[PDB]
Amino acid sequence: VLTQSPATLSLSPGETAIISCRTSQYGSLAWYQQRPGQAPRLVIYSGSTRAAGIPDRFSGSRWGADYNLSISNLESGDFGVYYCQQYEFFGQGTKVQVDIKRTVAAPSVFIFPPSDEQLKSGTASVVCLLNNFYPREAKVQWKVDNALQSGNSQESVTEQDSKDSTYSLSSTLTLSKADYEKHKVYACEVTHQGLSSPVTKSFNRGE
């Protein structure tokens, strides 16, 4: 029915975004834009027609089953996720996000052991912060007594800071109080474009 591509699109202000949609049927195709936490807005219909309040920058075109939506001169407001539609059917969506270009900045790395208060509840969370870095790609590597930890943690990233254009990431490794008290050396190893070599911030349990 409707195959929409690509899944994601990371672009800087000024560039042009080209989202594609493949149909197998025919009839009025439309494009919608959804900004984080808001209702979708009709952007284009009949494949080529702009809606009210939509500027020249947005344009659509067609070839057989293929439909493109083209957004020239991207700006902050334009970023979000886009959907194609044919009658009642929708595409899987394409997330278009903002990456304002800037000079490379290495992460500040901090590690936090579990608080005593948390340990008292019979659970333990080790937190690793990567502060103010660019670009957004980065890798966190948990190690417990030099043992690589695969699948015991969760990451979370802020959106690009409006003031300095950096990113921050937080990684949380969770364990049973007994497991936490089984081992000694808790290490967080960070790799990034700004680091000539991986950086390991660490600590020993109960010190």
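Counting begins at 1, following the sequence as shown.
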Q. Comparing 72-80 with 132-140, where is the mean C-alpha B-factor higher?
A. 72-80
Q.
If you average the CA temperature factors as listed in the entry, which stretch comes out higher, 100-108 or 87-95?
A. 100-108
Q) Looking at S170, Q34, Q149, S61, which has the highest CA B-factor as recorded? A) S61
Q: Place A51 in the lowest, middle or highest third of its chain's C-alpha B-factors, as listed in the PDB entry.
A: middle
Q | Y45 - Cα temperature factor, lowest/middle/highest third of chain | A | lowest
Q: Rank-wise, by C-alpha B-factor, drop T166 into the lowest, middle or highest third of its chain.
A: middle
Q) Going by what the PDB entry lists, where does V190 fall on CA B-factor within its chain: lowest, middle or highest third? A) middle
Q: Rank-wise, by C-alpha B-factor, drop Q38 into the lowest, middle or highest third of its chain.
A: highest
